[PDB]
Every structure is written in structure tokens, then in C-alpha cells.
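This report refers to the structure that appears directly beneath it.
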Amino acid sequence: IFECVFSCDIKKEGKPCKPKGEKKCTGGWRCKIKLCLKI
């Protein structure tokens, strides 16, 4: 899995990462402030 943290925070995440614990967001989704936004 592509590491990061994925707390979906702009700094814990905040780029294309891997939604851990998310039901909607899939891998390759950039957390961007509000939510996960696929790249």
C-alpha cells in the first residue's frame, strides 16, 4: 500500500494516497483539504 498516513489532512495526507478506513475513496486519491480527490 502507498504508505503515507492518510488521515486526509492536508499534511497527513494532501496528495495521491491510499484511503485507509474510507468506504468511498479508493487508492490514488489525493486528499485535498476537504476530501479525497482521485488523480
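Lettering and numbering for the C-alpha cells are positional, with chains as A, B, ... in the shown order, residues counted from 1 in each chain, and ligands counted from 1 in the shown order.
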
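For residue A:4, the non-local neighbours within 10 Å, defined as residues at least 5 positions apart in the same chain or in other chains and counting only C-alpha atoms, are residues 11, 12, 13, 14, 15, 16, 17, 18 and 19 of chain A.
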
Applying 10 Å and only C-alpha atoms, which residues near residue A:34 remain after dropping the ones on its own chain fewer than 3 positions away? List them as a compact mmCIF listing (two decimals) with C-alpha atoms, in the first residue's frame.
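Result saved to selection11.txt:
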```txt
# COMPACT_ATOMS: atom_id res chain seq x y z
CA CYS A 8 -6.89 13.01 4.78
CA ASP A 9 -5.50 16.11 6.42
CA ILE A 10 -3.79 18.49 4.10
CA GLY A 14 -2.67 16.02 0.88
CA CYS A 31 -6.64 14.19 -0.16
CA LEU A 37 -9.99 13.58 -4.91
```

* To do: Name the residues of stretch 1-34 of chain A that come out as strand (DSSP E or B) in a backbone DSSP run; write them as a ChimeraX atom specification.
  => /A:16-17,29-32

* Near residue A:39, counting only C-alpha atoms, which residues have an atom at most 8 Å away, once you skip same-chain residues fewer than 3 positions from it, shown as a ChimeraX atom specification? -> /A:16,28-30
